[PDB]
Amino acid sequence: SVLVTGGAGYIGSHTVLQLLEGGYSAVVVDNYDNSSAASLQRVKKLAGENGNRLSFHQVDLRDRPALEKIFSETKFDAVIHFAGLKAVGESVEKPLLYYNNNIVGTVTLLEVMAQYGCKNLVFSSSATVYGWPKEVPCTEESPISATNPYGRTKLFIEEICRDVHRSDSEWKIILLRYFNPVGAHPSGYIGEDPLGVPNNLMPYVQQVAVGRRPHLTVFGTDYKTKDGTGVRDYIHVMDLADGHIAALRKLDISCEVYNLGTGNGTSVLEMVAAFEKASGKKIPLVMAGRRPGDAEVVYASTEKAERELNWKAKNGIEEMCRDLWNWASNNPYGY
């Protein structure tokens, strides 16, 4: 039995499927800022027998009363905290919005959790907490520093979780530092459907592929990388979902960080070419300047996760691209 904040969205939807298919119950709260209820309807159907163990509500985490209402009806062995804004670039323009949504929402959540005595937390952290790492790959023990508000909200929240742990050892906390999840369920029945203009690379590429967007703008061509463009560790969202069930087993340790990545670094152009390969479509590119807040090279050391959580990323880039295209092809306009 779990509470999934942000469960209508990209990673949480997929993860809810896995929870259901692992025999878990799940309550979702989401305010549909960057998702819709249609994603969870589908997940309900696709999970088949086990769909009646999913329930979901439109709730903002900053709305303490409505969130308290949730915690009063059901009890949770755990909370998976997906909810928040996630765009580096946006956050530089709109820092207050990021600090508002992410910190106020998280703090509200953590306080409600204490009040109703649920103190097991799995948190969506981000590789962004490594800033511009001087050394790669990025280990869980390497310096944490951020270079933009979004990264800061994740670093600060990690720091808040540490302090709560230190304050009270009833808490069991796992900080999952996701790198760059891409792809879709292999059925193509569910996948990434961001609302408003997209910010992440691959959902922007999928929209270019079906004509919903005219070009991908490439943020930077003068980086110290193989091809001048940014490098990241892209990991299939279905692998990431399975990393959550792993983290839940692990909880039964106090306050632990685990990277979730593949351990390979892929450039932007590489990912585009891998997408063109999987889709047969051509993605027009605009080479522009760097996006304020972006790191250069960032990829995971996956070894702590591999050994501690007994979890590996299985899918490679071609699998990520095939599943993504399969979703996009069969759902060009989303849910």
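Residue indices: 1-based, along the sequence shown.
The entry models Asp252 and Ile253 with a gap of 1 to 3 deposited residues left without coordinates. The PDB entry records a higher mean C-alpha B factor for 68-76 than for its counterpart among 136-144 and 68-76. Mean C-alpha B-factor is higher over 307-315 than over the other stretch, the pair under comparison being 307-315 and 12-20.
The PDB entry assigns the greatest CA B-factor among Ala300, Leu54, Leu285, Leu61 to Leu54. Out of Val231, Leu195, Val88, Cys118, the entry records its largest CA B-factor for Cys118. Among all modelled residues in this chain, the alpha-carbon of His165 has a temperature factor (C-alpha) in the highest third. In this PDB entry, the Cα temperature factor of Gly191 sits in the middle third of its chain's modelled residues. Ranked within its chain, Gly211 lands in the highest third, by CA B factor from the PDB record.
Among all modelled residues in its chain, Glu49 ranks in the highest third by Cα B-factor. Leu97: CA B factor lies in the lowest third for its chain, per the PDB record.
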